[PDB]
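K.L.:
This structure is in structure tokens; I'll ask about it shortly.
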Amino acid sequence: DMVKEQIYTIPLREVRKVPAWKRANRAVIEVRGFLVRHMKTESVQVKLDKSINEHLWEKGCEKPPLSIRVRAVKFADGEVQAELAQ
Amino acid sequence: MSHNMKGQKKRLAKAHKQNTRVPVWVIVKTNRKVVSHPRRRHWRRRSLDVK
Amino acid sequence: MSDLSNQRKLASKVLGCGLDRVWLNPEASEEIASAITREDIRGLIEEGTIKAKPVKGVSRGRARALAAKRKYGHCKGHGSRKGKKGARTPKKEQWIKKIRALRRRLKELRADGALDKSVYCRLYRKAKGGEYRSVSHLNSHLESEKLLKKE
Amino acid sequence: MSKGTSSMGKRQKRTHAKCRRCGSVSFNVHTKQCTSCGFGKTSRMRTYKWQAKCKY
Amino acid sequence: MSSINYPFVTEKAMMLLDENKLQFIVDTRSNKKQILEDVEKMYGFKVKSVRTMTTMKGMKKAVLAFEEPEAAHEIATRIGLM
RNA sequence: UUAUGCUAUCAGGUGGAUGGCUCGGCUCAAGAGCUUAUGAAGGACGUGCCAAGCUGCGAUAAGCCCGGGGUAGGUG
RNA sequence: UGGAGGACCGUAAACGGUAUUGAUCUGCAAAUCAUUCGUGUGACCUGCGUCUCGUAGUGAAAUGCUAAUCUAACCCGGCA
RNA sequence: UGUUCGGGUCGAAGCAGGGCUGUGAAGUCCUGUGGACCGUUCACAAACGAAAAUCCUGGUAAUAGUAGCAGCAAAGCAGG
RNA sequence: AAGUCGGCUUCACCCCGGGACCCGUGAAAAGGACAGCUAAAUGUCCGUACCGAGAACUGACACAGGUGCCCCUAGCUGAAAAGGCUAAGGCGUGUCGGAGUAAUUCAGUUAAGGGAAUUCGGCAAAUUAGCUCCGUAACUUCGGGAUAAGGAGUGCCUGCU
RNA sequence: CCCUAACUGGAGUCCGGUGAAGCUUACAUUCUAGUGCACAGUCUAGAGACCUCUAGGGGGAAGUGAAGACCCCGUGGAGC
RNA sequence: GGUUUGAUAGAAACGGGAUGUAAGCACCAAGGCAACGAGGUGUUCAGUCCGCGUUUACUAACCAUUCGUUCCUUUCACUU
């Protein structure tokens with residue numbers, strides 16, 4: 001079952017280097033890579049919650065937040081579930 | 001919705017039913033010697049000289 | 001699911017709405033995919049698997065508030081005016097309303113007997129010539145020069 | 001407007017229709033004549049010696 | 001010269017049997033009057049109306065609406081459709 | 001095992017020359033030589049169980065009838 | 001008051017094609033695109049139909065246009 | 001082509017490579033491949049010999065995994 | 001499931017009438033009306049799908065051109081069918097990714113002080129800009145020049161004429 | 001413009017997929033001078049030069065595009 | 001350059017900065033009979049933010065691979 005249940009603050013300042021209209025789906029990739037590296041899993045096993053995607057796309061494709069706070073759970077199968085956190 | 005007469009529509013129908021592949025049984029009968037066809041075409045190309 | 005595109009197009013046709021107004025249940029995907037005919041689509045619609053999403057209109061409350069203020073006479077100043085004076089109030093319309101008011105006033109006066117024909121003719125031509133700004137001006141002139149046959 | 005591809009977009013009609021007599025799409029819709037076989041001009045078939053070379 | 005070639009048996013054409021209509025491939029030379037008279041001679045049923053269209057196969061299709069109830073079913077059974 | 005390369009040969013791919021074959025073409029000679037309103041030639045459309053082209057045929061539609069030759073296969 | 005004018009401004013309605021001597025220049029395009037511009041109730045623009053053509057037509061006239069061809073089009077023939 | 005004399009399924013023509021001869025045009029032979037035609041004497045003919053024509057037709061390189069797949073127009077992301 | 005009512009406005013559509021202009025004085029013919037009512041029968045033939053265009057046409061192309069256009073187009077702002085933001089409807093349809101993603105380049109934003117010294121030339125870019133009010137020269141064919149020039153105001157709220 | 005700087009989006013740069021065309025007798029890592037049809041990477045004598053790859057602007061290849069539209073000639077044309 | 005024998009990067013907090021006093025609440029507000037009311041004051045140098053630093057192993061610098069052997073072999077300095 002659940003292996004770890006950790007909360008993270010993912011910084012998205014490197015997302016700003018990308019051309020502005022690409023920033024939202026650059027930040028999605030940054031979130032997925034952050035979770036891959038910190039949970040020690042594969043890219044295809046990191047599942048991002050609708051809350052996370054909503055927050056990343058709240059202000060349009062050009063103005064994602066400079067950071068996002070998430071709660072990530074790692075299971076024995078290797079799958080990771082990440083949700084938005086207050 | 002251009003308006004054709006009976007003969008024009010008949011000739012378009014003939015062109016449409018000509019635009020078909022050679023039958024597989026015809027290919028078998030000719031031993032893969034008649035596989036091609038001069039009246040094959042596509043609708044979005046050089047138009048028919050029929051209408 | 002395979003393509004539900006055929007089912008979505010048929011459902012939009014059956015509902016009389018746009019293609020994106022049609023909402024297909026993302027859980028009843030195989031139930032939708034089993035639906036082939038108009039009757040099947042109607043059954044899905046009646047059982048709620050397929051529905052037309054509500055039209056998202058354009059709200060008008062913040063325009064109603066502005067319209068109320070404009071009726072009161074605010075939010076309509078020189079810094080808000082952008083068309084010419086004449087495009088905002090046509091001069092023929094102004095003249096038509098003014099002259100019709102004056103003519104109706106003269107007609108009512110001659111009907112009720114305050115104005116005999118001799119002075120009515122001159123007053124009517126004066127009004128047609130623009131001597132009077134409005135019915136109030138006409139009445140003020142009448143009361144000033146005692147044209148009404150008071151009794 | 002250019003005499004080339006721009007003006008070539010106005011080509012949504014015809015000057016010649018299919019000929020009853022010869023089947024060629026050569027029947028002038030204005031002169032009511034086939035420029036291939038001569039139908040609508042002559043009871044004979046339209047032929048000239050200059051359609052081939054002088055045979056020598 | 002019979003105008004009727006043969007009864008036309010597709011899904012939509014078979015849908016006519018439940019409304020007593022019958023669809024035929026007919027000679028494109030012939031008209032509605034000839035089709036009606038020839039069908040009435042062929043099967044002994046009074047024809048109520050004829051609808052006709054031309055297809056992109058170069059064929060002419062005629063839907064015949066009969067006056068006697070069950071005439072379409074009886075003609076289909078006589079032909080061998082049903 | 002010195003890569004990237006160069007030269008020659010060999011094996012293979014591509015390609016379709018060469019050779020051989022050919023029911024086609026060309027030229028010459030000898031014959032034969034008109035046809036259509038009793039609707040010609042030509043064209044359009046249709047016509048095959050599966051048939052799209054050509055060819056033949058014309059709603060009797062790759063065909064129908066009669067006489068002769070041919071005779072056991074035929075369905076271009 | 002009235003509402004005239006080959007009147008005025010103005011639409012990426014329509015028509016035209018000034019300047020950038022910009023983009024493009026084996027192009028999106030055998031001449032187009034962006035911005036900037038001229039006309040925009042009239043000698044206006046435009047559909048469809050119809051007519052006028054090769055020593056001829058058409059031309060508010062540049063030898064412009066007459067099917068990407070014009071100081072005499074194109075096809076075939078004279079022609080090897 | 002006429003004519004003389006031949007070769008070939010125990011492997012002709014052609015093709016790739018090689019040996020020998022001849023100043024040479026070229027001839028002959030060997031190996032492999034190929035599967036049915038080919039030479040030779042004396043003569044006679046010609047649609048008879050190609051490295052070139054911005055030659056023609058066909059095939060195929062370098063360029064080169066290069067340019068392009070960028071103004072259209074904010075073009076996609078999450079989950080299933 | 002309700003399904004009942006009122007009011008305002010109304011183009012760019014329908015009816016009707018008036019006026020002005022001539023300088024093109026602005027079609028013809030079929031058909032219809034003026035005497036028809038009732039009842040049966042008949043009304044054949046051709047087209048009809050779909051695109052009608054930044055992918056169904058045309059330009060050799062799934063071509064940024066061109067091709068009849070509509071006597072087609074909702075809310076706010078606004079003179080407006082301009083421009084902006086939104087409905088309905090149609091779409092994400094025509095290569096991706098990417099670590100500063102260097103230099104360079106196409107198209108843009110901004111730029112101290114100077115302000116055409118640049119250049120053949122103010123080319124390009126910048127300035128001004130709507131509406132209201134005041135005011136408006138030389139010259140003139142008396143029409144104009146004219147939005148000349150040059151000045152002032154403009155938002156929101158409360159209450160009003 | 002003095003006199004340029006920073007920034008935005010699209011290209012470019014790097015990666016995956018797709019995938020052309022144009023110059024080409026050959027060879028080719030050149031530079032200087034001379035010579036030569038008097039404007040040479042190839043001749044002559046010197047001087048240099050280890051090879052391969054990537055990016056970059058275009059000095060040269062009298063670069064490519066094209067049987068010079070200027071001039072003359074042709075007992076060649078056309079129009080006027 | 002660092003890689004647990006660690007402050008390399010990030011999180012958290014704080015320092016140092018940017019902006020200009022957040023939302024809600026209360027009082028006032030020209031006036032309006034009232035409903036309301038642009039805005040002012042206090043809460044509040046607040047609120048929001050930091051592609052800088054410090055402290056701090058809290059997560060990630062883990063797990064490994066590869067060359068330094070010509071490869072197969074016993075043409076061996078070796079081991080089943």
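Our numbering is plain: 1 for the first residue shown, then up by one each step along the chain.
We read in the header that electron microscopy, 3.5 Å was used to get this structure.
Cβ atoms are placed via backbone N, Cα and C, with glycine included.
Copied straight from Swiss-Prot:
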- D:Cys19, D:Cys22, D:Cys34, D:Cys37: Zn(2+) binding site (BINDING)
- D:19-37: zinc finger (ZN_FING)
K.L.:
For D:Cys22 (Zn(2+) binding site), just count the other CB atoms lying within 10 A of its CB, please.
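P.N.:
Total other Cβ atoms inside 10 Å, all chains included: 16.
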K.L.:
With DSSP, how much of the zinc finger (D:19-37) is helix, how much strand and how much coil, in residues?
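P.N.:
The breakdown for the zinc finger (D:19-37) reads 0 helix, 6 strand, 13 coil.
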K.L.:
Determine which residues of the same chain, besides D:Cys19, D:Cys22, D:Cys34, D:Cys37, have their CB within 8 A of the center of the CB atoms at the recorded Zn(2+) site, and list them by sequence.
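P.N.:
What remains near the Cβ centre is D:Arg20, D:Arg21, D:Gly23, D:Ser24, D:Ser26, D:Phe27, D:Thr35, D:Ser36, D:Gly38, D:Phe39, D:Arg46.
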K.L.:
Using a 10 Å cut-off on Cβ-Cβ distances across all protein chains shown, tell me which of the binding-site residues (D:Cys19, D:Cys34, D:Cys37) has the largest neighbour count.
P.N.:
D:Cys34
